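We begin with a single chain expressed as structure tokens, specifically the form deposited in one PDB entry.
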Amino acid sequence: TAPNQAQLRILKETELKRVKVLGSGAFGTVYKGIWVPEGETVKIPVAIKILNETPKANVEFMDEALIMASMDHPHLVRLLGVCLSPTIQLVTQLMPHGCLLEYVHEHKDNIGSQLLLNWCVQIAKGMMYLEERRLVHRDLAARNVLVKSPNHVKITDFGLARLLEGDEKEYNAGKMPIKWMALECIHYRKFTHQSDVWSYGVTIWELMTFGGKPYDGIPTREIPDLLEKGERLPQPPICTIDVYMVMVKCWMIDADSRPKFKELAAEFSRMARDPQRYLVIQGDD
């Protein structure tokens, strides 16, 4: 593997102004901010993520920062962006419209097939680049896709992301939710680009259901057995069989036979050219 000479930019605190909290909870807190780069005049709208005040959490936050600093893809969040005082804070370009999961909930009456299919394309496009860099996300979900503008989304939350090396074709070990993980990850902790493909299935299913909760009301405990029996997520009411089939191909038992991100991008691209062919939504063309 080629050596990684990405440049990590260390930001002085005086360069950053925190304006508003965007979100908080167990994971830590994200702010909206202005960043003025040393020593320029331009004001860059910014997201500033810190941990809440609680062993390996700081080290891993930095690992996450390294990943975001090493890539330049239109559909992957890029670090700007690290400040150290008074605690670690990751600084990324502001995504005005928040996370995609909430976005599709709020605007459900307003979202057409064109945007939904396009999101399938972009997310698959981002994941594609991750494959080329041999990075397994391990935690792909609609809550980890952010919205820059209606027709431009980015994958984020690389905190559990792992870089495959040498001959390694899987990663073995975090707390990504079981309802989005591949059956072989549940059983053998066998994380690959192909398990990510499963997660993508669930992700795009969250979209077609306008922020549906997968297997809703079924305890996590019962999930492994549900999926052993062959049960999968239902056909969303807007989905033609063409679209659902793609989802079902991602949830097949043989990981290797699953479609690849490269193939999923090309396929949803084909659908994107005639959207109303493929998703059937009230009030749309």
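Numbers for residues come from their place in the sequence shown, where the first is 1. We call the rigid core whatever largest set of C-alpha positions still superposes within 1.5 Å between the two forms.
The segment from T54 to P55 is interrupted, since 1 to 3 residues of the deposited sequence in that interval carry no coordinates. As recorded in the PDB entry, 6 to 14 is the stretch of 258 to 266 and 6 to 14 with the greater mean C-alpha temperature factor.
Set 138 to 146 against 105 to 113 and average the Cα temperature factors; 105 to 113 ends up higher. Of all the options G230, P234, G39, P224, the entry's greatest CA B-factor is assigned to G39. The deposited CA B-factor of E131 belongs to the middle third of values across its chain. Per the PDB record, residue ranking by Cα B-factor puts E60 in the highest third of the chain. In this PDB entry, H187 carries a Cα temperature factor that places it within the middle third of its chain's modelled residues.
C239: CA B factor lies in the lowest third for its chain, per the PDB record. Among the modelled residues of its chain, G174 has a C-alpha B-factor that falls in the highest third, as given in the PDB entry.
Missing here is the form deposited in another entry; even so, the following discussion is about that form.
The only C-alpha among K249, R232, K260, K32 that moves by 2 Å or more between the shown form and the other one, given a superposition on the rigid core, is that of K32. After superposing the rigid core, the Cα of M271 is displaced by less than 2 Å between the shown form and the other one. Once the cores line up, the CA of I44 ends up 2 angstroms or more apart between the shown form and the other one.
In the core-superposed comparison between the shown form and the other one, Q89 has its Cα shifted by at least 2 Å. Expansion of the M62-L140 CA spacing by 3 Å or more is recorded in the other form, set against this form. Distance between the C-alpha atoms of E40 and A69: longer in the other form than here (change of 3 Å or more).
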